[PDB]
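Structure record follows, encoded as structure tokens.
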Amino acid sequence: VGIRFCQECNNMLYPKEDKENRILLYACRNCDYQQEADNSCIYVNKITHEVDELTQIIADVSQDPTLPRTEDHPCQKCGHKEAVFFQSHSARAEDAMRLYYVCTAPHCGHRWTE
Amino acid sequence: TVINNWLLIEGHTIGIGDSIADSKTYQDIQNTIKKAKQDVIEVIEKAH
Amino acid sequence: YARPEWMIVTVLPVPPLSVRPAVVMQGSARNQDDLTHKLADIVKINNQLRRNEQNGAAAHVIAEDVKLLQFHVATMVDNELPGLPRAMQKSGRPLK
Amino acid sequence: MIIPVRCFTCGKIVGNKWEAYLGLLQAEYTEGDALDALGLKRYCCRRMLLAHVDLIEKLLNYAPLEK
Amino acid sequence: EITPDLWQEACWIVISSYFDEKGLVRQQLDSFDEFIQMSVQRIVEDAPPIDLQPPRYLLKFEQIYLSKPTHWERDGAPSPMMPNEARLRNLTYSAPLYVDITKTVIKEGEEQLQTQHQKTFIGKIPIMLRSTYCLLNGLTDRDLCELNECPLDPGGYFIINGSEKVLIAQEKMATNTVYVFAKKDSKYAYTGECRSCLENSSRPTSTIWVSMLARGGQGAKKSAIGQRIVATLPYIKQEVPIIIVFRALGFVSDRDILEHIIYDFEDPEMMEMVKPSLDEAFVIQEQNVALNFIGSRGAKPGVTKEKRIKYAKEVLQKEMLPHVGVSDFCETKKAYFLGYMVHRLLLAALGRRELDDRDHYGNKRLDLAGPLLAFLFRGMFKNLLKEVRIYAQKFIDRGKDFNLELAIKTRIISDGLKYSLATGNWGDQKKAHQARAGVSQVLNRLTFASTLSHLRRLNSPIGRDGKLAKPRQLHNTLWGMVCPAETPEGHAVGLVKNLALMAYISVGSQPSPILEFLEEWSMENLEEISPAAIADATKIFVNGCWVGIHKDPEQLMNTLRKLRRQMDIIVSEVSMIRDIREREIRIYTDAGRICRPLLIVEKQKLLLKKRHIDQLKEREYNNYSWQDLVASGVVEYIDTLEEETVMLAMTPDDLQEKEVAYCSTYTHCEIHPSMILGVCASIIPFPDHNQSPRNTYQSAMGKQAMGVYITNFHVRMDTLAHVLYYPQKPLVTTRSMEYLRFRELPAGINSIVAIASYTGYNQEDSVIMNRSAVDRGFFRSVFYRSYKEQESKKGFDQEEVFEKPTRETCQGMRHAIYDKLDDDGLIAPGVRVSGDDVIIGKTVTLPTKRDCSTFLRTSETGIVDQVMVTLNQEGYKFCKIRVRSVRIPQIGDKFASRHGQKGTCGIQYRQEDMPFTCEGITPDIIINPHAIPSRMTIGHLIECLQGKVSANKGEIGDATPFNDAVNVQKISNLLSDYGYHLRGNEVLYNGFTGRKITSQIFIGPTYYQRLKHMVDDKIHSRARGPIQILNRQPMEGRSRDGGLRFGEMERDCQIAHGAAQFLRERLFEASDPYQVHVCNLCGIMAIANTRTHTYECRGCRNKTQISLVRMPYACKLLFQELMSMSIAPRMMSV
RNA sequence: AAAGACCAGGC
DNA sequence: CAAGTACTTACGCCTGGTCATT
Ligand SMILES: [Zn+2]
Ligand SMILES: [Zn+2]
Ligand SMILES: [Zn+2]
Ligand SMILES: [Zn+2]
């Protein structure tokens, strides 16, 4: 799915077929490095981009004064009542109005959507 | 000419008395605005 | 009414004094119109070219004289010309 | 600039009531009481003394053209 | 220990402290003072030394010395130059600049001689009035009045050739920042641009673009959603793929390039987005070949590889991104910043970042007089050095010697600054067309509010002809920085803006202490950090350059705020922003940022305790000022882009306190929300009740109001000086008016305004003015007009002289009366000069004489006030004559309320004709009741109510916008307590018949202001007057006795009427009529000697077949102009 | 004094 | 025969002041 780099020149590895062995080999083009591959997926085109936004959110946004906070929804991990909530703030928001919560108190950083 | 010279007798004005309503209508207007705000809060919550 | 050979400027029509006024400066001087100045430049370059053709010139000084004269004729006719320097007065101001 | 004699709306002389107004305000009184003590019952007259700006004091600070 | 329910006095105490210390024209003065003390020295020293060659010469300029202004007369004796002398004598208030020069000459004899040319004069910098270098600095009011300067005069204007010039702040996009935009239909989808300047030390700006090449592919490489990042470098004709640029900096491996671009490889989406850009540059794989690829695409490809490589390296280091660095080894820093731009671009492409708002005001910097005069001074000093180097080089081929004093042309600096400030075209004289115009306007002195609005004005440089609405709209970010209301109507709406009351423009601070503190207080520089550690750390930007990364950002922001509050390492004008969601921290010390002072909120309570207000109430004999308040950590300057990370409480008493909670994390609080409004919009009483366009109309109208514009108008001989007779300070005032000095210099008067429809002469927008009031001095004004004449010696025997022309000594004469002139050719004051009468007798000796005396304007009928003689700069005799005309308000004049209610005086009824109350209060002005309801101006009504209540009570009412303790019902009850109707109505009696008017009229004292627009300055009549020299049509204008224009729309209207004859009369007979003779054989006009009757057409030898054609002279000129373009417009009549 | 540019403004 | 480029046009009228060049 991502990019796998060569071990010698660190330039990009392009996919290739090992004709004699019939196996997917990531072959280098700056050099002759060839590596056995395990993903068996050259390319992925997620056009629907059903991406969960929780991975992007950073817990430091919990200490933003401008964001709103509710005591009604407690954190699932630490049970802390206060939670800072905000919308997507990114792409695909023109058809999405779901709220995302990040728990407060230092060192928790939990994030979830309801 | 004739209507202006009658308006000399009758007269016309504008002032604060024409921009103030009875306390009942102020109450009704405030209640309608608050009901609309509560409706829009409900719609925001429903969309969230 | 219009032959193609007439379109190449072989005689340049100097407009009369009315089109290019000469405003009297307090009865002491006479400030000239923009067309008058451009015509002065055209006359200078044309006289220089005629003199050089009479002398013999150097076939590249003739080239620069012809280029300058053609530029002056065109910029009297049209100064908005793209890709060419805009004519300026004695100071920095485009000609009308 | 200087105190307008002859209040515009009605016509009462408010041109001699400025120095008395200043003295009265400086001494004890509120502005309304000073205006009453000068006999300016009508509010148009009160708008003259009350809202005046005595710029002639600022003007007089400058040296004259000739001495 | 807090301020509840006493807050209204506390906020205004602190606001008054602000305006007592800072003032209204502080941005101009501070910008200029920084320019003189720092920018001039820095520019001169940073200029490269002059190196000449054979012996070698070195010239170095060490330190500057700007003296106080002085005037060098014909004899050359220095003398102090008071500003009023500059105004009167048409002088320039400028101060000389001296610079110490060291000249080291090396003669190859192993001994180089150093000669010091000390205090070398090189020019005269104009000095802003009331700057730290003006002779008016630090002087008390008594001293200024001894100098005939008005103590209320703000300062902040230069004096150039006698005129007063105000430098308007010019907007520009904030340099040293990365902005990711999206063009509508370009070949680029997303474009990140960075405008880079090396701490404003050199060059205007050398921007860099990094675009993404849309969606359409290049045939066989792009087969995805849109990729192939490309880079548009400066001085490169076409685009360069970004990976090639990265490799040109020595980062060959694609892992290193990605590490600079992508900060965490665990995010496959960004890798998928950047992979095709790598595929484009797969071919180029070495540093030298990449540099060649860049170089061969430059302005002119080099013949050899070495030249191309050298040019490419020079472009990469010097011009491409100079703010990050220009000293050799800076390639790693440039790589990191270029990767940051590509990373912003990829964030926008994936959609994780909002595209930067166009008109966001954090993206704008204002160039006040400081940066602008610096921009001109850098150019002029470059020119002075260029000329001195040219002089030295042409003098060193001989090899004799060289003199700096002769070589330095002081005219360069002096005249360049003078011209740029005077004409307004910012730049060199030779490049006027390419130069910015509209900067350095003339300070309009009609009203004090106009002077203040002009000294505090911002000008968006975008062309006024743009049809796009977005750059003109009021952005949300203007809150508290720019007046939401004040903007000129017309095609310059939204592009000429005015500052809010509290706005302060940062003057500049060198960011050395902030960098030192960051380096000492943790922080890891970009050189000594592994690229894999940059994903989880914040990025600290100082003045836009990426100074490094930090691991514990919250502690850094807390510590930096503490420092700024206590003002030790960080000055108060430095902004610090923590973009939490994007793990960035930006610190700005750049000059031009717009900030406002906001109270600090800690926990849920103000740091502004009762002690601070207690010490400020005792401001005198306690030495507690605004600066003590700021240095105590109570108030803080917040600029526009730190206002994003600040949650603001509008008022304390309502938001800090616990309730149904809305926000429990307030970080700052506003002193009073009435400081969003600017200088001219703060005079509006109850502006929150009006419709906003009416507030804009008032903002425009207040500058045109009439009053005492400056208390020393007696000494200043200025053109178009209106001075009102009896100004009155408003009875419905706003507290802000105390700081604009509007009470001290009022422009207007309180009129008993009746909102009634009396006799129909107030319909539409007109007003009915009481003739008796205007009779007793209402709204009466004086119109001082100054005439300036200058004796001169132009020719050898051509001499101008002030002397009274006799009947027969001057060939040129006019039908005016010359009897009013004295022996000197000047009328003594007191002489009642009517129109066309001679003011300043003057004649020129022709090579017997030709009169050139100055007449008056038509139909003035004034009386001379003051006639002044002096010597101008050149030493000739110079005269200035002021004529005053008492302009009694007539029924063409214009009058405006403080709420956009404007109108001409329809008719002037007498007092008996005016309606009267049972008491005898006849309205001074009757306005139409129809004006109000549609435009919904309600500040007018409430202001009448408050004026009635205030005039009755005896205080001056408060009309502060957002007061929440002055309601309509409260004012109504207070009015009912005085024996009047609670709504302000009064039973009115018709003055004609005596009857009561069946409808009760709303009467109240409203502040009405007279405007400069008077009908006697607008009425023109034309009947066969002068004609232009060229068109032979009536001149343009009222002063030239010209005629009204019959434009194209008028002729279209007449054609619609089917009116051929009137159209012909207007476009033929009324204007230029003419007769020409046209040959019949050829339509070319024929020679026509009418007296000899010999009509001959050269070109066909025709002398008989000629016809007379009556055509407009304009058409004759059109035909002749065509003939000079070889076109033959033949006029055939057969 | 003249037309050229600019600026501000009025509807 | 498409893809590229350049050119021309963008309300009406009116008021004043300022300046450089003649
Ligand atoms: Zn490899
Ligand atoms: Zn938690
Ligand atoms: Zn009165
Ligand atoms: Zn003929």
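Chain labels run A, B, ... following the order of the structure tokens; each chain numbers its residues from 1, and ligands are numbered from 1 in the order shown.
Near residue C:8, within a cut-off of 12 Å and counting only C-alpha atoms (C1' of nucleotides), sit the residues residues 2, 3, 4, 5, 6, 10, 11, 12, 70, 73 and 74 of chain C; 1125 and 1126 of chain E, with same-chain residues fewer than 2 positions away left out.
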Hey, can you spit out that residue selection with C-alpha atoms as a PDB file, in the first residue's frame?
```pdb
ATOM      1  CA  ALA C   2      -6.775  51.717 -52.085  1.00  0.00           C
ATOM      2  CA  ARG C   3      -3.944  49.959 -53.850  1.00  0.00           C
ATOM      3  CA  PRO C   4      -1.670  47.647 -51.862  1.00  0.00           C
ATOM      4  CA  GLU C   5       1.440  49.631 -52.755  1.00  0.00           C
ATOM      5  CA  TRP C   6      -0.171  52.707 -51.207  1.00  0.00           C
ATOM      6  CA  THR C  10       6.342  56.193 -48.815  1.00  0.00           C
ATOM      7  CA  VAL C  11       5.113  59.725 -48.073  1.00  0.00           C
ATOM      8  CA  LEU C  12       4.203  60.587 -44.496  1.00  0.00           C
ATOM      9  CA  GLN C  70       9.930  52.608 -38.977  1.00  0.00           C
ATOM     10  CA  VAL C  73       6.263  56.191 -37.988  1.00  0.00           C
ATOM     11  CA  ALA C  74       4.426  53.345 -36.280  1.00  0.00           C
TER      12      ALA C  74
ATOM     13  CA  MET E1125      -2.909  57.923 -40.652  1.00  0.00           C
ATOM     14  CA  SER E1126      -3.107  57.594 -44.476  1.00  0.00           C
TER      15      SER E1126
END
```
Neighbours of stretch 98-103 of chain A within 7 Å (only C-alpha atoms (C1' of nucleotides); same-chain residues fewer than 6 positions away dropped), as a PyMOL selection string? (chain A and resi 59+62+75+82-87+109-114) or (chain B and resi 48)
With N, CA and C atoms retained, write the just-selected residues as a tab-separated table (two decimals), in the first residue's frame.
```
chain	number	residue	atom	x	y	z
A	59	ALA	N	-4.00	14.37	20.33
A	59	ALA	CA	-4.51	14.57	21.68
A	59	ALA	C	-4.18	15.94	22.24
A	62	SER	N	-6.64	18.64	22.90
A	62	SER	CA	-7.39	18.65	24.14
A	62	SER	C	-7.13	19.91	24.95
A	75	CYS	N	-14.95	9.84	29.46
A	75	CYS	CA	-14.03	9.05	28.66
A	75	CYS	C	-14.22	7.57	28.94
A	82	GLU	N	-14.87	15.47	31.76
A	82	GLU	CA	-14.67	16.54	30.79
A	82	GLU	C	-14.11	15.99	29.49
A	83	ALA	N	-14.65	16.47	28.37
A	83	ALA	CA	-14.21	16.02	27.06
A	83	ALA	C	-14.39	17.15	26.06
A	84	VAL	N	-13.36	17.41	25.28
A	84	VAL	CA	-13.35	18.49	24.31
A	84	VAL	C	-13.84	17.95	22.97
A	85	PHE	N	-14.89	18.55	22.42
A	85	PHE	CA	-15.50	18.04	21.21
A	85	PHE	C	-15.39	19.05	20.07
A	86	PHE	N	-15.25	18.53	18.86
A	86	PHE	CA	-15.11	19.35	17.67
A	86	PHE	C	-15.48	18.52	16.45
A	87	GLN	N	-15.83	19.22	15.37
A	87	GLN	CA	-16.26	18.55	14.15
A	87	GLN	C	-15.06	18.05	13.37
A	109	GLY	N	-5.39	11.38	26.58
A	109	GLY	CA	-5.36	11.52	25.14
A	109	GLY	C	-6.33	10.65	24.38
A	110	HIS	N	-7.30	10.05	25.05
A	110	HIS	CA	-8.24	9.19	24.36
A	110	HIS	C	-9.15	10.00	23.45
A	111	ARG	N	-9.55	9.39	22.35
A	111	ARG	CA	-10.35	10.06	21.33
A	111	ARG	C	-11.38	9.08	20.79
A	112	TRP	N	-12.60	9.56	20.60
A	112	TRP	CA	-13.66	8.68	20.12
A	112	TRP	C	-14.78	9.51	19.53
A	113	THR	N	-15.60	8.86	18.72
A	113	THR	CA	-16.71	9.53	18.06
A	113	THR	C	-18.02	8.91	18.51
A	114	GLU	N	-19.04	9.75	18.62
A	114	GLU	CA	-20.35	9.31	19.04
A	114	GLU	C	-21.42	9.74	18.04
B	48	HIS	N	-25.54	16.42	14.92
B	48	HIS	CA	-24.30	15.97	15.54
B	48	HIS	C	-24.35	14.50	15.92
```
If the cut-off is 9 Å, can you tell me the residues of chain D near chain E, counting only C-alpha atoms? I'd like them as JSON, numbers by chain. {"D": [1, 2, 3, 4, 5, 6, 7, 8, 9, 10, 11, 30, 31, 32, 33, 34, 35, 41, 42, 43, 44, 45, 46, 47, 48, 50, 51, 52, 53, 54, 55, 58, 59, 61, 62, 63, 65]}
Could you take the residues named above and write them with C-alpha atoms, as a compact mmCIF listing (two decimals), in the first residue's frame?
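File out.txt, as written:
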```txt
# COMPACT_ATOMS: atom_id res chain seq x y z
CA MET D 1 -16.38 79.73 19.15
CA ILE D 2 -17.50 82.56 21.40
CA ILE D 3 -20.72 82.31 23.37
CA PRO D 4 -23.65 82.71 20.98
CA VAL D 5 -25.66 85.73 22.00
CA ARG D 6 -29.37 85.36 21.25
CA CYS D 7 -30.22 81.67 21.46
CA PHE D 8 -31.17 80.48 18.01
CA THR D 9 -34.45 78.66 18.56
CA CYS D 10 -36.25 81.39 20.51
CA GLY D 11 -34.09 84.49 20.88
CA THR D 30 -24.57 71.03 39.06
CA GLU D 31 -25.03 72.03 35.45
CA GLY D 32 -28.81 71.88 35.65
CA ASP D 33 -28.91 73.96 38.80
CA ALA D 34 -26.54 76.51 37.28
CA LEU D 35 -28.79 76.75 34.21
CA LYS D 41 -36.17 77.54 31.66
CA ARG D 42 -36.53 76.48 28.01
CA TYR D 43 -34.34 73.60 26.92
CA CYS D 44 -33.38 75.31 23.67
CA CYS D 45 -31.69 78.03 25.71
CA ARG D 46 -30.08 75.37 27.88
CA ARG D 47 -28.58 73.80 24.76
CA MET D 48 -26.61 77.00 24.17
CA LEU D 50 -24.69 73.59 28.18
CA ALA D 51 -23.21 72.49 24.85
CA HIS D 52 -20.97 75.46 24.12
CA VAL D 53 -17.21 75.17 23.59
CA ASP D 54 -15.32 78.34 24.50
CA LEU D 55 -12.69 78.11 21.80
CA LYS D 58 -7.70 78.56 22.83
CA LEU D 59 -7.53 81.30 20.19
CA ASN D 61 -3.36 81.78 23.71
CA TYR D 62 -1.72 82.57 20.38
CA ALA D 63 0.38 85.69 20.12
CA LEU D 65 -0.13 89.59 14.73
```
Please list as a ChimeraX atom specification every residue within 9 Å of residue A:3, counting only C-alpha atoms (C1' of nucleotides) and excluding residues in the same chain fewer than 6 positions away. /A:12-14 /E:265,268,271-272,275
Residues from last step as file, N, CA, C and O atoms, as a PDB file, in the first residue's frame:
```pdb
ATOM      1  N   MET A  12      13.325   4.439  -4.534  1.00  0.00           N
ATOM      2  CA  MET A  12      12.063   3.722  -4.480  1.00  0.00           C
ATOM      3  C   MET A  12      12.168   2.361  -5.151  1.00  0.00           C
ATOM      4  O   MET A  12      12.926   2.168  -6.104  1.00  0.00           O
ATOM      5  N   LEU A  13      11.389   1.413  -4.641  1.00  0.00           N
ATOM      6  CA  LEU A  13      11.324   0.068  -5.186  1.00  0.00           C
ATOM      7  C   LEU A  13      10.089  -0.048  -6.063  1.00  0.00           C
ATOM      8  O   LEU A  13       8.979   0.247  -5.614  1.00  0.00           O
ATOM      9  N   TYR A  14      10.280  -0.470  -7.305  1.00  0.00           N
ATOM     10  CA  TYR A  14       9.093  -0.627  -8.127  1.00  0.00           C
ATOM     11  C   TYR A  14       8.725  -2.097  -8.248  1.00  0.00           C
ATOM     12  O   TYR A  14       9.609  -2.958  -8.245  1.00  0.00           O
TER      13      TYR A  14
ATOM     14  N   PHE E 265       6.612   8.242   7.906  1.00  0.00           N
ATOM     15  CA  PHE E 265       6.345   7.332   6.803  1.00  0.00           C
ATOM     16  C   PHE E 265       5.212   6.368   7.103  1.00  0.00           C
ATOM     17  O   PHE E 265       4.770   5.659   6.195  1.00  0.00           O
ATOM     18  N   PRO E 268       0.616   6.092   4.762  1.00  0.00           N
ATOM     19  CA  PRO E 268       0.804   5.742   3.349  1.00  0.00           C
ATOM     20  C   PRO E 268       0.132   6.689   2.378  1.00  0.00           C
ATOM     21  O   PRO E 268       0.520   6.709   1.205  1.00  0.00           O
ATOM     22  N   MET E 271       2.543   9.269   1.041  1.00  0.00           N
ATOM     23  CA  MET E 271       3.504   8.611   0.165  1.00  0.00           C
ATOM     24  C   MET E 271       2.888   8.317  -1.193  1.00  0.00           C
ATOM     25  O   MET E 271       3.534   8.505  -2.229  1.00  0.00           O
ATOM     26  N   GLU E 272       1.639   7.854  -1.209  1.00  0.00           N
ATOM     27  CA  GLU E 272       0.958   7.625  -2.477  1.00  0.00           C
ATOM     28  C   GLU E 272       0.768   8.930  -3.228  1.00  0.00           C
ATOM     29  O   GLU E 272       0.734   8.949  -4.462  1.00  0.00           O
ATOM     30  N   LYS E 275       4.487   9.874  -4.616  1.00  0.00           N
ATOM     31  CA  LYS E 275       5.230   8.922  -5.441  1.00  0.00           C
ATOM     32  C   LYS E 275       5.368   9.352  -6.897  1.00  0.00           C
ATOM     33  O   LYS E 275       6.488   9.274  -7.432  1.00  0.00           O
TER      34      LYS E 275
END
```
Residues within 12 Å of residue G:18, please, as a ChimeraX atom specification. Count only C-alpha atoms (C1' of nucleotides); anything in the same chain fewer than 2 positions from it doesn't count. /E:160-165,419,421-424,440-443,719 /F:5-8 /G:16,20
So which residues are near ligand 4, meaning at most 9 Å away with only C-alpha atoms (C1' of nucleotides) and all ligand atoms counted, given back as a ChimeraX atom specification? /E:1078-1086,1096-1103,1105-1106
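Note that atom CA of residue E:521 and atom CA of residue E:603 are 26.3 Å apart.
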Surrounding residues as a VMD selection string, ligand 1, max 6 Å, only C-alpha atoms (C1' of nucleotides) and all ligand atoms: chain A and resid 6 8 to 11 28 30 to 31 33
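The gap separating atom CA of residue E:602 from atom CA of residue E:553 is 19.5 Å, in Å to one decimal.
Across the structure, atom CA of residue E:452 and atom CA of residue E:154 are spaced 7.5 Å apart.
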Picked from stretch 27-91 of chain C by DSSP as helix (DSSP H, G or I), as a ChimeraX atom specification: /C:34-55,61-77
Dump C-alpha atoms for the selected residues as a PDB file, in the first residue's frame?
```
ATOM      1  CA  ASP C  34       3.052  65.355 -28.942  1.00  0.00           C
ATOM      2  CA  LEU C  35       2.593  64.704 -32.645  1.00  0.00           C
ATOM      3  CA  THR C  36       4.878  67.652 -33.341  1.00  0.00           C
ATOM      4  CA  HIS C  37       7.612  66.064 -31.248  1.00  0.00           C
ATOM      5  CA  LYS C  38       7.178  62.677 -32.888  1.00  0.00           C
ATOM      6  CA  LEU C  39       7.290  64.387 -36.285  1.00  0.00           C
ATOM      7  CA  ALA C  40      10.512  66.077 -35.215  1.00  0.00           C
ATOM      8  CA  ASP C  41      11.957  62.670 -34.378  1.00  0.00           C
ATOM      9  CA  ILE C  42      10.760  61.270 -37.711  1.00  0.00           C
ATOM     10  CA  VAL C  43      12.316  64.184 -39.584  1.00  0.00           C
ATOM     11  CA  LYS C  44      15.594  63.768 -37.707  1.00  0.00           C
ATOM     12  CA  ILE C  45      15.845  60.055 -38.438  1.00  0.00           C
ATOM     13  CA  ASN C  46      14.712  60.500 -42.040  1.00  0.00           C
ATOM     14  CA  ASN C  47      17.283  63.236 -42.660  1.00  0.00           C
ATOM     15  CA  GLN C  48      19.982  61.129 -41.023  1.00  0.00           C
ATOM     16  CA  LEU C  49      19.016  58.168 -43.209  1.00  0.00           C
ATOM     17  CA  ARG C  50      18.973  60.256 -46.379  1.00  0.00           C
ATOM     18  CA  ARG C  51      22.388  61.680 -45.509  1.00  0.00           C
ATOM     19  CA  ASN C  52      23.797  58.226 -44.784  1.00  0.00           C
ATOM     20  CA  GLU C  53      22.417  56.816 -48.031  1.00  0.00           C
ATOM     21  CA  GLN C  54      24.044  59.737 -49.832  1.00  0.00           C
ATOM     22  CA  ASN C  55      27.379  59.147 -48.099  1.00  0.00           C
ATOM     23  CA  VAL C  61      23.954  51.836 -39.726  1.00  0.00           C
ATOM     24  CA  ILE C  62      21.373  51.933 -42.508  1.00  0.00           C
ATOM     25  CA  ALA C  63      19.673  49.020 -40.764  1.00  0.00           C
ATOM     26  CA  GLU C  64      19.454  50.855 -37.442  1.00  0.00           C
ATOM     27  CA  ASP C  65      18.327  54.070 -39.137  1.00  0.00           C
ATOM     28  CA  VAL C  66      15.574  52.184 -40.982  1.00  0.00           C
ATOM     29  CA  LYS C  67      14.517  50.417 -37.793  1.00  0.00           C
ATOM     30  CA  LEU C  68      14.356  53.700 -35.870  1.00  0.00           C
ATOM     31  CA  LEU C  69      12.430  55.444 -38.654  1.00  0.00           C
ATOM     32  CA  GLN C  70       9.930  52.608 -38.977  1.00  0.00           C
ATOM     33  CA  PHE C  71       9.480  52.661 -35.212  1.00  0.00           C
ATOM     34  CA  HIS C  72       8.832  56.388 -35.198  1.00  0.00           C
ATOM     35  CA  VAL C  73       6.263  56.191 -37.988  1.00  0.00           C
ATOM     36  CA  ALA C  74       4.426  53.345 -36.280  1.00  0.00           C
ATOM     37  CA  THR C  75       4.513  55.008 -32.860  1.00  0.00           C
ATOM     38  CA  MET C  76       3.115  58.198 -34.329  1.00  0.00           C
ATOM     39  CA  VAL C  77       0.342  56.045 -35.770  1.00  0.00           C
TER      40      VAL C  77
END
```
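Within 12 Å of chain C, chain F contributes the residues residues 1, 2, 3, 4 and 5 of chain F, using only C-alpha atoms (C1' of nucleotides).
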DSSP strand (DSSP E) residues within chain A, listed as a PyMOL selection string: chain A and resi 13-18+23-28+34-36+69-70+83-86+100-103+111-113
